[PDB]
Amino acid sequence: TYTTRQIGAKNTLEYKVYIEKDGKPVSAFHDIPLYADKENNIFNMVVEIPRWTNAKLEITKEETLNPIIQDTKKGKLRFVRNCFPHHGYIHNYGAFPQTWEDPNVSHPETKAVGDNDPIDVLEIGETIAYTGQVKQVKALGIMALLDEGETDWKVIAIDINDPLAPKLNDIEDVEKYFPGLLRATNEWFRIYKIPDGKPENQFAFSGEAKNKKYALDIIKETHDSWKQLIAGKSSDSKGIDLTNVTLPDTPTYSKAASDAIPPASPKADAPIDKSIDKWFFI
């Protein structure tokens, strides 16, 4: 039974959100299982960023129990800018716990090393999610973004509770029920860092979304990368905190870690600089 523990105010450097199980903090990266229902391929997705928000929140690989925090660049909080016709992120954006994009392996499909993080998930249902939420999704397909230098797969998924879930089984169903969303996804991921002064990104396979089956393989390749990583195996797993309070056959189990987390101390959201309102025409 998953809930969240918030420390500080949203949109500040001190903001942190931990995932709790029956009231105690666990690691959002290694303690919540990849599958909610392995037999039916129902996954747990940890949500980082709600649709139509800008603050770039991310599970932190460098802190104990991997809380969700706001990304920073040279000390400054990171916000994605609004890129016309889009507002903020256009999906509920998160990742699957227990996955890793191996930074040491050149991918056959894409020709680039993995990005070193859990695999990214775009959840396309109607309801806006919340940071730190653990929701159950079905995988519909996958796109191969090359985020300047590296392979950064995006899984396309839908909350099993969405009113449309029963009718959405593979990537063609996204075209039918959410026409234009795959094109918008392609566009968004190509240009989202342009306002920040980075180049446009590119996609492998000329931007096509691969189907559910290709998606499930890739998902599996990343969770097996995750396996090597957590078991001490890895030419370079450096900088990642592996404490877990649920999973013993690894060196790094510590139930004391769950209790070393500060109690919740949620403050009202902090204001966001008015410049984040701006709509960029690029």
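In this text, residue numbers run from 1 along the sequence as written.
- Between 249 to 257 and 39 to 47, the higher mean Cα B-factor belongs to 249 to 257.
- Taking the PDB entry as given, 189 to 197 carries the higher mean Cα B factor of the two stretches 189 to 197 and 67 to 75.
- Across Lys267, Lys274, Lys16, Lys21, the entry's maximum B-factor at the CA atom is seen for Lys21.
- In the deposited coordinates, the residue among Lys111, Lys138, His86, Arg183 with the greatest CA B-factor is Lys111.
- When all modelled residues of the chain are sorted by CA temperature factor, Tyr177 is found within the middle third.
- When the CA B factors of the chain's modelled residues are split into thirds, the value for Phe29 lands in the middle one.
- Residue-level temperature factors show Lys61 in the middle third of its chain, judged at the C-alpha atom.
- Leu146 sits in the highest third of its chain by CA B factor, as recorded in the PDB entry.
- Among all modelled residues in this chain, the alpha-carbon of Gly132 has a temperature factor (C-alpha) in the lowest third.
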